[PDB]
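Next up: just one chain, as structure tokens, the form solved without the partner chain.
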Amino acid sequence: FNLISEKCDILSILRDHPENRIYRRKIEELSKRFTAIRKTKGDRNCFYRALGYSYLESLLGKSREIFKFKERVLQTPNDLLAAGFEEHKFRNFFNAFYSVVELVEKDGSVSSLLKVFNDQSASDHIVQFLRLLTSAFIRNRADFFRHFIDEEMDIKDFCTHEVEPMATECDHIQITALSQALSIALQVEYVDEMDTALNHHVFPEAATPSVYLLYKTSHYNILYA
């Protein structure tokens, strides 16, 4: 469990910030709203790895939701081709993601899903797929991302440098794009060391979330309501 941990009590993370007044205050407050947490490895891939695991875990046992998600995943090669990716170069990453979705369907256990996401090979193939799909979704909607995020940004250079490569950190744009690319509603809780309110953002703004993440010390951990 070196990439994604077993479930722990929320208050177990006090030990990560000993004798810290603001972090203790915010973690106590978080414990009033959430019951458990899983930690992720801080290797620069933790957003993709956390969102992929938590969303697929939320599908377990839900036969209609699995059928609809599989139908969307089967169309994602068309998003990659429209953005200029070549089939022979994405094949191994697409096949790894489709495999873990079939595991959710066929096996249906937390234990089997957690083993794939802790297998360095399978887990990194899944992360690389999710990074290629994020890049494709932004590229194919460049005018949207310029209109609503930043009129001045260079979209192709940003995807090349800050989305595709393994270990590159995320900002709001990658979070919004992968949410939209896979129709995943997620809520991010923010815990920093400023004397401010514990607060959160929902992607998309509308939505009822499937996934809750904690963003703290540049790391995304998984929360349970």
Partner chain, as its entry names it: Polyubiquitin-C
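Residue numbers count along the first chain shown, from 1.
What comes next is about the form deposited with the partner chain bound, which does not appear here.
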{"item": "Among 147 to 155, 113 to 121, 91 to 99, 68 to 76, the region lying within 4.5 Å of the partner chain in the entry with it bound by heavy atom distance", "value": "147 to 155"}
{"item": "In the entry with it bound, residue 40 touching the partner chain (heavy atom, 4.5 Å)", "value": "no"}
{"item": "Contact of residue 64 with the partner chain in the entry with it bound (heavy atom, 4.5 Å)", "value": "no"}
{"item": "4.5 Å heavy atom contact, residue 199 to the partner chain in the entry with it bound", "value": "yes"}
{"item": "Interface membership of residue 54, the partner chain in the entry with it bound, 4.5 Å heavy atom rule", "value": "no"}
{"item": "The partner chain in the entry with it bound reached by all of 46, 176 and 218, non-hydrogen atom within 4.5 Å", "value": "yes"}
{"item": "Option touching the partner chain, based on a heavy atom within 4.5 Å in the entry with it bound, out of 170, 27, 181, 59", "value": "170"}
